[PDB]
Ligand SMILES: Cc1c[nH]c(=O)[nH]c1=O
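One chain comes next, on its own, written as structure tokens: the form solved without this ligand.
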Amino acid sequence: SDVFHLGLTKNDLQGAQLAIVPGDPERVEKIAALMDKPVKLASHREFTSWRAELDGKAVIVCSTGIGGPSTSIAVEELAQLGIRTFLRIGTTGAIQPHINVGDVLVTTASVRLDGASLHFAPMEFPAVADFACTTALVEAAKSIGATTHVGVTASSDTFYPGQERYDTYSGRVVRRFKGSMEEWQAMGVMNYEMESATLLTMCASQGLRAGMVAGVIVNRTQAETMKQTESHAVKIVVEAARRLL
């Protein structure tokens, strides 16, 4: 292994320069399964990787685990091995009334409600997605006839307080986030997630390309259906990947 965590060597990537990055390790194989010559690479902690092929071009799929701390390790080490483009796929929950379940969200930039993001660039720096990646995702989404929403996402370091959830053990939410969800809505933020601030800030400030697409599987404001939503989101990302080789 040439990296301290992933358990991969550059040879395992076979000249790959693009990686699709889901959060959950179990979604790796299912993503790879849609490309050619898919094979397992490695699995260590939340990091399970696979390599496939798209138009004879090596492509890799690697899980990033939950959160920016995890994601920063995966991005950094893949970068070291040779990846230059990162496409994040994942399912999310919307905080906007006009964004319905089954909708597809492509993130232009993210609200930095995380911590790892500051380890790469000051807060004034925008956790913005790469343009090519974003156009690849936006175009792959329409080619499938998906109902898309291209905009701002709020990326939190917590699943609960940071997303203003009160159905918790303490029932309290620190001042900073009190009444925060309604403000994000008023500001047009589409959803909440937990890795895009880091992913987007890391890459945008270190010469790497990154983008993110997600399927909406539940809308806060208001089984097998979610099934198809992830199947289409994954479809969207693999097709966007083809354009970015």
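Each residue number is its position in the shown sequence, starting from 1.
Omitted from view is the form solved in complex with this ligand, to which the following refers.
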Task: this ligand contact at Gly93 in the deposited bound form, heavy atom, 4.5 Å - done: yes
Open item on the list: Would you classify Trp184 as touching this ligand in the deposited bound form, given a 4.5 Å non-hydrogen atom cut-off?
Closed with: no
Task: this ligand contact at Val218 in the deposited bound form, heavy atom, 4.5 Å - done: yes
Open item on the list: Under a 4.5 Å heavy atom criterion, is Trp50 part of the interface with this ligand in the deposited bound form?
Closed with: no
Open item on the list: The chain here is shown without this ligand. Which stretch in 174 to 182, 53 to 61, 187 to 195, 31 to 39 comes within 4.5 angstroms of it in the deposited bound form, by heavy atom distance?
Closed with: 187 to 195
- [ ] Quick one: from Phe125, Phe159, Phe131, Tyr166, grab the residue that has a heavy atom within 4.5 Å of this ligand in the deposited bound form.
- [x] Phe159
